[PDB]
DNA sequence: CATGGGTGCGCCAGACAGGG
DNA sequence: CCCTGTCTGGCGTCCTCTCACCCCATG
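Here is the structure:
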């Protein structure tokens, strides 16, 4: 829901879900053209922490 | 109309779709002017060892419903009787008893 | 710029349907040549009606297919989608050649 | 011999990290210890001394290397590096047009209002450089003329 | 325009080492 | 293995009434 002004005051769970989906899309891209082990280990580790 | 003679028609379209349009090339240009030696003469021999079916001249074009061999109509696929009973029903689009 | 050639069996349908195919164009493209009729193909099949002898009783049939042209003027992307993608009237052929 | 290593930067400031890295090299004049810098990850041709490691982590807006450990960080275990490089080359490479086409051949549209649709080329015109293909719009294959580059061979 | 990158609390309690 | 020290977690009163302010930043 927005506030008086109009800027949407967004919840915290939308930040959490949007982070997990951004990282998951990056990791899938790192499965198609993909990239070396160290890269996908950091990518999966950032998804795990997300 | 003689269900065996319907079954004899359906096996002839299969053989015409397996051999010919693919083995009509032996008569297409290998019966045309080239090295017209025994290479040509072998090919004129080599299409009789195909079945006596599988040529499109063996196909009769019977009716799609009744299988009646005479009175066929190659716009609809029916005989002249089965096109008339259908048209007066309204099974065939844009057709009517017309006069000019 | 784009020939719109459309075919159907009914004349009251193909000519009704050509009114909105320019109303979906002149609303946006705002320039069409005009509704051009085309000479109709009348295919006749006169054939016997009895299942045996009496080959003098035949019934004359005729299937009339009509053709119309509007040949829209303006090739602006808006008009293109408003005709190519927006095809209406089932039972009416319409074929386009840009 | 200089082997490759992976550097993590603040994602978005990556070109500025690369420029600051080249400048820190030419400041602390370990010129014989750095080969290149390739572009959120920055590829560095390098050798491993602890001095050069402190140099790269003292470059601003750099988090650290990515490897097995932080004592002796890890060079390059190429697994999909070649695939990524090939994809980038093809993208930034000359896109071959779909000139080869024949009647009954399916094609793909990626231009105009027919974008994201497939169809077949009933007629072809090499002289007019135009393909006659119809695209199923509301089911009705709308025969339209598209250029070889306007559509892709299917 | 759109995304992503301090250093003043105190007790209980059980799990994890660490001697012992 | 039997006791001893450490290391992290879990927790701490209820209703109300105003106020002020909520992501830069930028090629």
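Protein chains in written order, with the UniProt record's numbering: chain X, 253 to 302; chain C, 2 to 101; chain D, 5 to 102; chain G, 6 to 44, 67 to 181. Yeah, the Cβ is synthetic: ideal placement off N, Cα and C, and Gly gets one too.
Contact criterion: CB-CB distance below 9 angstroms. Does residue i meet it with respect to chain D?
| i | result |
| --- | --- |
| residue 76 of chain C | yes |
| residue 65 of chain C | no |
| residue 99 of chain C | yes |
| residue 161 of chain G | yes |
| residue 68 of chain C | no |
| residue 88 of chain C | yes |
| residue 106 of chain C | Missing from the structure shown is residue 106 of chain C; chain C here goes from 2 to 101 and no further. |
| residue 171 of chain G | yes |
| residue 84 of chain C | yes |
| residue 72 of chain C | yes |
| residue 141 of chain G | yes |
| residue 59 of chain C | no |
For the beta strand (DSSP E) containing residue i, name the first residue and the last one.
| i | result |
| --- | --- |
| residue 78 of chain D | Run containing residue 78 of chain D: none; DSSP gives neither H nor E here. |
| residue 90 of chain G | 89–92 |
| residue 75 of chain G | From DSSP, residue 75 of chain G is part of no beta strand (DSSP E); its letter is neither H nor E. |
| residue 14 of chain G | 8–14 |
| residue 12 of chain D | 7–12 |
| residue 36 of chain G | Note, residue 36 of chain G: premise wrong, no beta strand (DSSP E); not H, not E. |
| residue 180 of chain G | 178–180 |
| residue 52 of chain D | 40–52 |
| residue 97 of chain D | 97–101 |
Compare the C-beta of residue i with all C-beta atoms of chain G and state if any pair is closer than 9 angstroms.
| i | result |
| --- | --- |
| residue 276 of chain X | no |
| residue 100 of chain D | yes |
| residue 84 of chain D | yes |
| residue 78 of chain D | no |
| residue 81 of chain D | yes |
| residue 282 of chain X | yes |
In the DSSP assignment, the alpha helix (DSSP H) including residue i goes from what residue to what residue?
| i | result |
| --- | --- |
| residue 276 of chain X | 264–281 |
| residue 63 of chain D | No alpha helix (DSSP H) holds residue 63 of chain D; the beta strand (DSSP E) holding it covers 62–73. |
| residue 42 of chain C | 39–47 |
| residue 20 of chain G | 19–32 |
| residue 285 of chain X | Here residue 285 of chain X belongs to no alpha helix (DSSP H), and DSSP marks it neither H nor E. |
| residue 17 of chain D | 15–27 |
| residue 91 of chain D | No alpha helix (DSSP H) holds residue 91 of chain D; DSSP gives it neither H nor E. |
| residue 256 of chain X | First-last for residue 256 of chain X: undefined, no H or E at that position. |
| residue 1 of chain C | The question about residue 1 of chain C has no answer, for chain C in this structure spans 2 to 101. |
| residue 27 of chain C | 26–29 |
Could you tell me whether the Cβ of residue i comes closer than 9 angstroms to any Cβ of chain C?
| i | result |
| --- | --- |
| residue 103 of chain D | There is no way to answer for residue 103 of chain D, as the model of chain D reaches only from 5 to 102. |
| residue 91 of chain D | no |
| residue 69 of chain D | yes |
| residue 51 of chain D | yes |
| residue 24 of chain D | no |
| residue 95 of chain D | yes |
| residue 19 of chain D | no |
| residue 9 of chain D | no |
Return no unless some Cβ of chain X is closer than 9 angstroms to the Cβ of residue i.
| i | result |
| --- | --- |
| residue 147 of chain G | no |
| residue 72 of chain G | no |
| residue 60 of chain G | In the model as presented, chain G runs from 44 straight to 67, which leaves residue 60 of chain G without coordinates. |
| residue 12 of chain G | no |
| residue 68 of chain G | yes |
Return yes when at least one heavy atom of the ligand ADP lies under 8 angstroms from the C-beta of residue i, else no.
| i | result |
| --- | --- |
| residue 264 of chain X | The ligand content of the structure shown is nil, which means the ligand ADP is not present either. |
| Any contact of the stretch 110–127 of chain G with the stretch 13–20 of chain C, i.e. 3+ C-beta pairs under 8 angstroms? | No, the stretch 110–127 of chain G is not in contact with the stretch 13–20 of chain C.
| query | Does the stretch 85–102 of chain G touch the stretch 119–126 of chain G, meaning 3 or more C-beta pairs lie closer than 8 angstroms? | reply | Touching, no, given that fewer than three Cβ pairs across the two stretches are closer than 8 angstroms.
| task | Anything in the stretch 91–112 of chain G with a Cβ closer than 7 angstroms to a Cβ of chain X? List those residues in chain order, please. | result | Answer in chain order: 93, 94, 101, 103, 104, 105, 106, 107, 108, 110, 111.
| task | Note down, in chain order, all residues in the stretch 53–66 of chain D with a beta-carbon under 8 angstroms from any beta-carbon belonging to chain C. | result | Cβ contacts with chain C: 53, 55, 63, 64, 65, 66.
| said: Output needed in chain order: residues of the stretch 285–297 of chain X with a Cβ under 9 angstroms from some Cβ in chain G. | reply: Taking 9 angstroms as the Cβ-Cβ cut-off against chain G, the residues of the stretch 285–297 of chain X that qualify are 285, 286, 287, 288, 289, 290, 291, 292, 293, 294.
| query | How do the stretch 139–149 of chain G and the stretch 25–38 of chain C stand: do at least 3 beta-carbon pairs fall below 8 angstroms, yes or no? | reply | Inter-segment contact for the stretch 139–149 of chain G and the stretch 25–38 of chain C is absent: fewer than three beta-carbon pairs are separated by less than 8 angstroms.
| field | Inter-stretch contact (C-beta, 8 angstroms, three-pair minimum) for the stretch 64–80 of chain D and the stretch 10–21 of chain D | value | Verdict: yes, contact present.
| request: Could you tell me which uninterrupted alpha helix (DSSP H) segments, each at least 4 residues in length, are contained entirely in the stretch 95–175 of chain G, listed from first to last along the chain? | output: Qualifying alpha helix (DSSP H) stretches, in chain order: 108–118.
| query | Fully enclosed by the stretch 76–100 of chain C, which beta strand (DSSP E) runs are 3 residues long or longer? | reply | The qualifying runs are 96–98.
| query | Does the stretch 165–173 of chain G come within contact of the stretch 90–102 of chain D, defined as at least 3 CB pairs closer than 8 angstroms? | reply | Three or more beta-carbon pairs drawn from the stretch 165–173 of chain G and the stretch 90–102 of chain D are found closer than 8 angstroms, and the two stretches are therefore classed as touching.
| Touching by the beta-carbon criterion (3+ pairs, under 8 angstroms), the stretch 60–69 of chain C and the stretch 2–9 of chain C | When Cβ pairs closer than 8 angstroms are counted between the two stretches, the stretch 60–69 of chain C is seen to touch the stretch 2–9 of chain C, the count reaching three or more.
| field | Contact set between the stretch 110–132 of chain G and chain X, restricted to residues whose Cβ is under 7 angstroms from the partner | value | Residues of the stretch 110–132 of chain G whose Cβ lies closer than 7 angstroms to any Cβ of chain X, in chain order: 110, 111, 114.
| field | Given 8 angstroms, three or more beta-carbon pairs between the stretch 24–34 of chain D and the stretch 74–85 of chain D | value | With the cut-off at 8 angstroms, the stretch 24–34 of chain D and the stretch 74–85 of chain D touch.
| said: Would the stretch 34–41 of chain D count as touching the stretch 32–43 of chain G if we require 3 or more Cβ pairs under 8 angstroms? | reply: Short answer: they don't touch.
| request: Please list the residues of the stretch 30–53 of chain C that have a C-beta atom closer than 8 angstroms to any C-beta atom in chain D, keeping them in chain order. | output: Those residues of the stretch 30–53 of chain C that come within reach of chain D (Cβ to Cβ, closer than 8 angstroms) do not exist; the list is empty.
| Is it true that the stretch 290–297 of chain X meets the stretch 32–51 of chain C, where meeting means three or more beta-carbon pairs spaced less than 8 angstroms apart? | By the C-beta criterion, the stretch 290–297 of chain X is judged not to be in contact with the stretch 32–51 of chain C, since fewer than 3 inter-stretch pairs fall below 8 angstroms.
| request: Evaluate contact between the stretch 90–101 of chain G and the stretch 264–272 of chain X, counting only Cβ atoms and requiring at least three cross-stretch pairs below 8 angstroms. | output: In short, these stretches do not touch, since the Cβ pair count stays below three.
| request: Flag this pair as touching only if the stretch 6–17 of chain G and the stretch 57–67 of chain D have three or more C-beta atom pairs under 8 angstroms; answer yes or no. | output: Three or more Cβ pairs closer than 8 angstroms define a contact, and the stretch 6–17 of chain G falls short of that threshold against the stretch 57–67 of chain D.
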